[PDB]
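# Here is my input, please return the structure:
(11 chains)
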Amino acid sequence: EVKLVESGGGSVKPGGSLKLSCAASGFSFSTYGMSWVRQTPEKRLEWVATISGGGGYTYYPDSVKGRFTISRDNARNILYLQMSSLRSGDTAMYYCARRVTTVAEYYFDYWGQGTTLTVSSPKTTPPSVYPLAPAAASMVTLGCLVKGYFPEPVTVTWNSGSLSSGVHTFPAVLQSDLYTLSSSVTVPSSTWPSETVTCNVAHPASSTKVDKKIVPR
Amino acid sequence: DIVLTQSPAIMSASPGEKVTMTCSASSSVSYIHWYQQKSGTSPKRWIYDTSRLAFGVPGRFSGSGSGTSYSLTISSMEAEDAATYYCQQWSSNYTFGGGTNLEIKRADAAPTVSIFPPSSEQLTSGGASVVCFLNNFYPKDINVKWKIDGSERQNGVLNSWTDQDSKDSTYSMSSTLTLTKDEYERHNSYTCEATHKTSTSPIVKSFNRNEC
Amino acid sequence: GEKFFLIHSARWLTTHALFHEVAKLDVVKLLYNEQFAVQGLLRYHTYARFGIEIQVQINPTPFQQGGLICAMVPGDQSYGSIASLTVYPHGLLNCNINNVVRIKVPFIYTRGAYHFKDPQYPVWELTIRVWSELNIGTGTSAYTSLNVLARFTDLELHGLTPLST
Amino acid sequence: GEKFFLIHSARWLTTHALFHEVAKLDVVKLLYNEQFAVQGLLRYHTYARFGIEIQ
Amino acid sequence: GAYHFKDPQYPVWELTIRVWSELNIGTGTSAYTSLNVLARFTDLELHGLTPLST
Amino acid sequence: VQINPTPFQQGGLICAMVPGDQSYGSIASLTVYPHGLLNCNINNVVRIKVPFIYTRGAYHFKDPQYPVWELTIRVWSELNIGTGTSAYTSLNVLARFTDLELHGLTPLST
Amino acid sequence: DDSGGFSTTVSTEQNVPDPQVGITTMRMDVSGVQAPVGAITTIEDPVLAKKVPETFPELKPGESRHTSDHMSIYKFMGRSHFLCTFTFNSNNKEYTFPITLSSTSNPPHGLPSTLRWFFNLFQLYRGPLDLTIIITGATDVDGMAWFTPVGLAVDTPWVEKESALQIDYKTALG
Amino acid sequence: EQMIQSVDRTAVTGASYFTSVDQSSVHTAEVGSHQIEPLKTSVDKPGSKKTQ
Amino acid sequence: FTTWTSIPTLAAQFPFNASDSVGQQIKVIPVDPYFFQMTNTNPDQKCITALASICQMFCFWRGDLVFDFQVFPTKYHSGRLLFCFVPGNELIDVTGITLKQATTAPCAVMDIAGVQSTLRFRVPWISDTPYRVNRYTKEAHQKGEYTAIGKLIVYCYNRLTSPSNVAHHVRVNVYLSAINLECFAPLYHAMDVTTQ
Amino acid sequence: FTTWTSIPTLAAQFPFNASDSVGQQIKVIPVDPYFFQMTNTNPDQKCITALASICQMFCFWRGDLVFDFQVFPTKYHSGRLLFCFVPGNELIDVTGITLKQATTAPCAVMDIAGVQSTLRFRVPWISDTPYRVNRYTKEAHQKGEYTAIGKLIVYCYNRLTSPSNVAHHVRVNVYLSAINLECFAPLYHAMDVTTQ
Amino acid sequence: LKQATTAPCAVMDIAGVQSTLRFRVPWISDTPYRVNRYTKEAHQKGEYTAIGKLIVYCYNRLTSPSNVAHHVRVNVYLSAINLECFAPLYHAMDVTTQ
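Numbering: from 1, shown residues only, chains lettered A, B, ... in the order given. Please find the structure below.
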């Protein structure tokens, strides 16, 4: 089965450089041109590169033209996307995709999971973890507030996730160059506060893990 | 410098009805490919060439159009289709469509409100964040305001949207109002209400500062 | 120039109704194009005339069933009723027996010879219709491919000229 | 293909000295080119051989 | 065996032209003069149709 | 050599008559030897005929030097099946001598 | 084959015009007690299409009585057909109409009735035609009718008006 | 019209007292033939019913 | 005109169901050059045969007809249809004939499966009169004036058997065309679609 | 040696999937006597053709090749492959040719089903030069010195259709052998497996 | 200049004992004839008169000693052969200018 694995990447300050690698499997690699494609946070997509079957020819769109490098070793069935002189408009999700052929045109088939390039220069920041508690009816709504973390991946897990079914994860908005999300758990009155309700905040980038038990006031 | 448009940006449809979306071009284009992206998943093989199909797809989908005009067409809507649909051209400078959100339609549902005063430990941090949750509601579009001491303030408000739930087909909206400490202590009653096509009169939830 | 070229292809499904046109194609306008090396010959010539020969192919799995109809109509169907297409040169793709047809037409057109830069109107429109709808079993592939071929015959040319560029 | 083609031209002056090369030209590399309709023939063929005649 | 366009080994026919006896002019005469060149193939033979040129 | 693939099955087999052994002779080339190709599609049967080939005058049973004709059979294209079809199929083999000549009567076999 | 056609299988023809004559005649019995083999056949490869249809016993179908033969195109189209008609409200004005095979053109402006139905049967046409016209009503009225070839300077179709053309430029046209 | 060669579906073999009837069938593959290698291994009358 | 007249064209297309019953009457054909029931929707236009387009210009006609029937089965469907011709007028009521009492009249048998996808069939000319009128212009029903020399019926000769995994029913087209045709007495009549 | 050289042998075996896409490039063949990608595991040994074993002893060769392709379908699978030859060197990049732009070059069509399980195919000798070197000894890539007169590609001409109850994909073997071969300039080179 | 020469062409030398170049444009058309359009005023697609333009390039510069006229006029004669025509009419042809 086609398997595409993107590697490398993270937060990089403007002017820094990076190289990315896609691992391929399950198909003869040399026989298929390969490409990288960017995904902006807006769920908008853009086409950054392609390299042909052998070393062959390389194709660039205008915007990144000259700033990026694409390369191949078919011996390992692995790619290299070499970037340099990055700037902030480059932060996005990047994917590798095998380019194949139809009657008149080119078409993408399998896409890997992709890694995340972030061009910006604050420091790696842990989030502040605050409980959410009421000051009324048979069912209880609670929450945890994750505020002020720059590195974007975080994890909210309620009581080790047993309650996830009533847990609506709210996406993170950015302001003050630090990210703000929210996660709420809904519980009947019999469980809370009769039993322990604690969200697990996990911010792998700063490797910070904060447990805040939610008790009423 | 050759660009596509997709006429509906967002469209909701109920199970058992016909669906239409249209990628249009800034010039003439021979063929257009379509891609499908589901939450947290890389987009996938969907419809290539013009009306040809990918293997995995069910057979109730169609497409047509020519020249500058092209349209993707769904015979009978079913729940498993909710995604974004991107178009493409291979003409010259490779380019994608802005996406069209396909959404399931359901009977409406009025919001379940929860407002939480800030955490004490946040106050000892010298600031406050007033938080209001609208959970399990439909439709998604809604208008909310923050009432404080009878007045209304639009600053410092943050709003988060989830994707439609997989089961109840609702939304859950985040609203957070973050002051400084004193500006928090400058007031008494904190109030969030919301205008929803379902409930005529707003749904108001509030609390007193001098309380507790 | 005399050789074959893959031209156009489309898949054929069940949901097509009676006489739902699967294929409306043009012979000429598609050949002239960047994608071929036969392109070379024409692109330097103003006037050409020729005969046409067509291949059409499908591969119904014998458990499927249905039939298709290939008609070579100069000009257009216009208001000519569907029913009679068999009048034109034609063959009948039939899941049962023939998987292939071959049609051959010589030149028919109202002027001396065709002209590429400013075609009056397409010489040979190639129409294809759903003659008997595709009905399928359960689990069988509900689709099947269709392909088309062409080549010129007695191709004659006139009028070399750069102006194509 | 058999027809003539204008290929290259240059003006010739006085200031040229003895054996100052006015023209260093290539037959082939110039013919193959976008500017002709003879271009068509080659561009679809890998191998060719031929005689040449020059005016 | 025969020339190959996409990857020519080396140019078959170089066409050289030299100044054999320098141009000496009068006064007021045009001090320049044009030069032109023509070519055509003969017994042209071909092999090996292929799209890869594109 | 005989089999009976049901036409819904598919695959192919290869019958090679190799004197001595394959030894290190690469698999790929077996078709060099006399052979036929069992093919689920068309032929269900093959017939191979070899005359005598061996390094000595004639074979000797009580003390065979080494087996004259090894008969090898390989999986040429694997058997892929539908669902519910029998996933197996039989294979059988036959032989007969030709121009059989004998020498040297003797009880010592007993 | 100079034209290069390679093939194993026979190449043949289809739809040869005027295979038979309209009138019924002898240009014996037909078929029976011998074999009705052509009954079952496949309809694709024109060979088997070009077999003669045969089903039951038959008798040679006698003779037409009359010689006048209506299925030859000419003898048919000899009979004229309506074309177009119109009037005049005025003196010293001109009306023009095109003669156009356009099937898209829909009457009152275009070919009506039979002719419309007629010329869509076949792609190409050429040769002379016979125009007739017929007049009605007031007498001692004079007219001139000139014929203008395609594309030369001509005043609008389907219009009753006075022309700008030189009387010369008219009459010399015949 | 030169017809392409027809695969033989049905053919019959046999030997001694034995018989087969085969639908997979095809032609038989010989190599070489009966031989007499003139330097004789053992010059007795070859064995047979007469012999034994 | 012999050309248009001699080339088979589509006429009517009827379904045939596995659920169909033995001895049933599947479809009934008034036999004229003038019958076409087929139609299309978008674009708005209505089928008409080659043949139907010619005789609709003429007042009279006589000659053989050719019904070529073409079936599109699998190999693995099997069954037999039947063709039973019934001379008469066009308005005679045939609906009350059993399967038996039909076969008495001239008939033909056909097998669905095979390498034979087409049955040529030829209705010999049977009439009291040397011709037939084109009535359709004259509106009401005038006794004795007839167009179709008789109805044609397609019975279901066997049920339709087939394994479980393939399509359950088989459509069949009905081609149409003539030979030894003769006609005369031209006119202009737009023939509107015969429906039913 | 004509014997070993004239007898078809196995070369490479590629799968063909129902999920395959029209106009896709399934597999690519550098065309030489020297190509074998096949291999086995236990016992440890590596495929090599007849042919590949002979020319790997020689510095040069020229002549036709014979690709006999043999497919092992059911009767009830159906589809068409395609063979499109592309003269050139071995290193020319063909990966960017569509389905169309391929067919321009010489090609052959083939049908999966039938009573025909084998397609004989013969690549006429096409070269600038009267021969081709065996390069593989000399390691790095020296411009102009070529082995394979060009790549060969197998497209997927149609999708692969089939009822539900049978195997979903069809393997195909690629035989190999030559005729009118000529070679010279012997040497000893162990040819290690060409992989990809 | 190049892309012109591809089409049929002729060369000519100014000096000589040859003061005239006969030249003959073989009839090249899609159609057996050409209309006289000029009466019908506006531009109707497809209806054509001139089977094509003819162009005179300057193949070399014009060299000459100092004391003689600096530029050379050339007349263009015109006439036809194997002509055929029909369908008379009266049209005053006003001067084509440019």
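# Going by C-alpha atoms from here, please, whenever you check contacts or count neighbours.
Fine.
# The residue of chain H found nearest chain F: what secondary structure?
Per C-alpha to the nearest C-alpha, residue H:24 is where chain H lies closest to chain F, at 3.6 Å. The three-state label given to residue H:24 by DSSP: H, G, I helix; E, B strand; the rest coil is coil.
# wait, what's in contact with the nearest residue to residue I:190 once chain neighbours are set aside?
Distances taken as C-alpha to C-alpha, 6 or more residues apart in numbering or on different chains place residue I:56 nearest to residue I:190, at 7.2 Å, with adjacent residues excluded. By C-alpha atoms under 8 Å, 6 or more residues apart in numbering or on different chains, the residues touching residue I:56 are I:34, I:134, I:188, I:189, I:190, I:191.
# Dihedrals phi and psi, residue A:55?
Dihedral pair for residue A:55: phi -60, psi -60, per degrees, to the nearest 10.
# Now the residue nearest to the spatial centre of chain I. Nearest residue, chain neighbours left out?
Residue closest to the average C-alpha location in chain I (C-alpha atoms, centre = their mean): residue I:29, at 4.5 Å. Nearest residue to residue I:29, sequence neighbours excluded (C-alpha to C-alpha, 6+ apart): residue I:152, at 4.8 Å.
# Now find how far off-centre the helix or strand hosting the one you found is within its chain.
Element membership for residue I:152, per DSSP states H and E: strand I:150-156. Distance of strand I:150-156 from its chain centroid, counting by C-alpha atoms, centre = their mean, to the nearest Å, is 8 Å.
# Summarise which helices and strands the next helix or strand after that strand is packed against.
As assigned by DSSP H and E, the chain's next helix or strand after strand I:150-156 is strand I:172-186. When contacts are defined as 3 or more C-alpha pairs under 8 Å, 6 or more residues apart in numbering or on different chains; DSSP states H and E, strand I:172-186 packs onto helix I:2-6, strand I:9-14, helix I:50-55, strand I:58-66, strand I:69-71.
# of all of chain I, which residue lies closest to chain J?
Closest approach between chain I and chain J, counting by C-alpha to the nearest C-alpha: residue I:165, at 8.6 Å.
# Excluding chain neighbours, what is closest to the residue most central in space within chain A?
In chain A, the residue lying closest to the centroid (C-alpha atoms, centre = their mean) is residue A:116, at 5.0 Å. The shortest distance from residue A:116 to any non-neighbouring residue, by C-alpha to C-alpha, 6+ apart, is to residue A:93 (4.8 Å).
# Now the one you found: phi and psi?
Dihedral angles of residue A:93 (phi, psi; degrees, to the nearest 10) stand at phi -90, psi 130.
# And for it, the neighbour number?
19 (other C-alpha atoms under 10 Å in any protein chain shown).
# in the sheet, who's paired with it?
Beta-bridge pairing of residue A:93, defined through DSSP bridges, involves residue A:39, residue A:116.
# looking at this, residue G:118 is in a helix?
Yes - per three-state DSSP, residue G:118 lies within a helix segment.
# so residue B:29 makes contact with residue B:65?
No - contact criterion C-alpha atoms under 8 Å: residue B:29 and residue B:65 do not qualify, at 10.3 Å.
# ok, the two, which is more surrounded?
Neighbours were counted for residue B:29 and for residue B:65 using other C-alpha under 10 Å; residue B:29 has more, 20 against 17.
# Spit out the contact partners of the more buried one.
Here residue B:29 is in contact with B:66, B:67, B:68, B:89, B:91 (criterion: C-alpha under 8 Å, 6+ apart).
# Which one of the residues you listed sits in the busiest neighbourhood?
Within those, most neighbours by other C-alpha under 10 Å means residue B:89, with 24 neighbours.
# Check the burial of residue 27 by counting its neighbours.
No chain specified, so I'll use chain A. 13.
# sorry, should have said chain I
Here the number of neighbours of residue I:27 (other C-alpha under 10 Å) works out to 14.
# and it, that one's in a strand?
Yes - Residue I:27 sits within a strand when classified using three-state DSSP.
# and chain I, which of its residues are near chain G?
Within chain I, the positions near chain G by C-alpha under 8 Å from any C-alpha of the partner chain are I:1-3, I:7, I:66, I:116-124, I:180-186, I:188.
# if we can go back for a sec, correct me, but the residue of chain H closest to chain F touches residue H:7?
No - applying C-alpha under 8 Å, one finds residue H:24 not in contact with residue H:7, separated by 9.9 Å.
# between the two, who's got more neighbours?
The neighbour comparison of residue H:24 against residue H:7 (other C-alpha under 10 Å) goes to residue H:24, with 22 against 13.
# Next up, the contacts around the more buried one.
Residue H:24 neighbours (C-alpha under 8 Å, 6+ apart): F:42, F:43, F:44, F:45, F:46, H:9, H:10.
# next one: residue A:142
Per C-alpha under 8 Å, 6+ apart, neighbours of residue A:142: A:132, A:133, A:134, A:184, A:185, A:186, A:187, A:214, B:114.
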